[PDB]
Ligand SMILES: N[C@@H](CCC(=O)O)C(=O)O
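Given next, in structure tokens, is a single chain: the form solved without this ligand.
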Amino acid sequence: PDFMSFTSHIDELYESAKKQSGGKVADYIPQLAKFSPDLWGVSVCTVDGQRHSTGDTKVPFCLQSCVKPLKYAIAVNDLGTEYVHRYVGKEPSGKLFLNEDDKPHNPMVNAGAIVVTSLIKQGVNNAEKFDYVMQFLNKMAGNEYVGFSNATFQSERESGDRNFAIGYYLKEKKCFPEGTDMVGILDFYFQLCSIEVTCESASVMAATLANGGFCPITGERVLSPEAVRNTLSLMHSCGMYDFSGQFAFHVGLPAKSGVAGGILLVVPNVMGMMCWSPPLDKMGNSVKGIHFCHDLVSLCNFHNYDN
């Protein structure tokens, strides 16, 4: 409807969330600790292609866990639901690495994302694999900003002892397809987490998922309907770490958060969004972003089961 009046509300919601100074910027690597707690940006991209931005929407930041639903969508687009879910589950967990079937709980947890990473473009080397994913992300963003943080990659690889423990654990329990270089897969996993985006480019990626796989700025089909439906289902139940259950109840929208302070939000057949503010709460979610998401659903009535 009237997009001009909608932007005035997005600005009001941005201003209300801006007053939330709580949270702690992630500091496990210097590449995250660097960031200012005052950084806050909201970008909207509708299914029709209408754009609106407010705040620090052109400052690049790492996708981190926000890439998990994207690399999962590529795996389903290329291999289908059946092949992918032979290796990874489709529901949240109650932490342990595997479920009762010796499979990672879902693609939104580290163990699940490491296994999904092992399914994408099997056979070729990591350089070709990375280019393949980058090309897919470029199409999803409509050729907008998609970069890479070598400093983040080197730091994640050097300090990722928990991810190496997950790696050897999955190797022991035969979780990867036959003939997988586990360490090479971890390198590719760290590379994908280090991919940089801005609120603006990432809002187009979420808009592609909100428009059934079609990019709203190019009209091009990037992902299959099967891939989008699966990704949105798992974003609705597993996207916000331990807050996933409460986010499904109070917000009810497919979303995915990252340690850099990003929250990739999808409003089915309406719009794509990307909120970003580095200070995270006890669950690891953006404080300003979680506040904004609660206000957006309460104002525009976007909830899955809102009449």
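In this text, residue numbers run from 1 along the sequence as written.
Keep in mind that the form solved in complex with this ligand is not shown, yet the notes after this line are about it.
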| query | finding |
| --- | --- |
| Touches this ligand in the bound PDB entry: residue 35 (any heavy atom, 4.5 Å) | no |
| 4.5 angstroms heavy atom contact with this ligand in the bound PDB entry for residue 110 | yes |
| Residue 28, heavy atom within 4.5 angstroms of this ligand in the bound PDB entry | yes |
| Contact of residue 259 with this ligand in the bound PDB entry (heavy atom, 4.5 Å) | yes |
| The unique member of 244, 46, 57, 65 whose heavy atoms fall within 4.5 Å of this ligand in the bound PDB entry | 65 |
| Proximity to this ligand in the bound PDB entry, single hit among 193, 140, 73, 235 (heavy atom within 4.5 Å) | 193 |
| Output flag, 11, 16 and 40 jointly within 4.5 Å of this ligand in the bound PDB entry, heavy atom basis | no |
| Contact stretch among 140-148, 127-135, 226-234, 185-193 - heavy atom within 4.5 Å of this ligand in the bound PDB entry | 185-193 |
| Stretch 135-157: residues contacting this ligand in the bound PDB entry, 4.5 Å heavy atom cut-off | 156 |
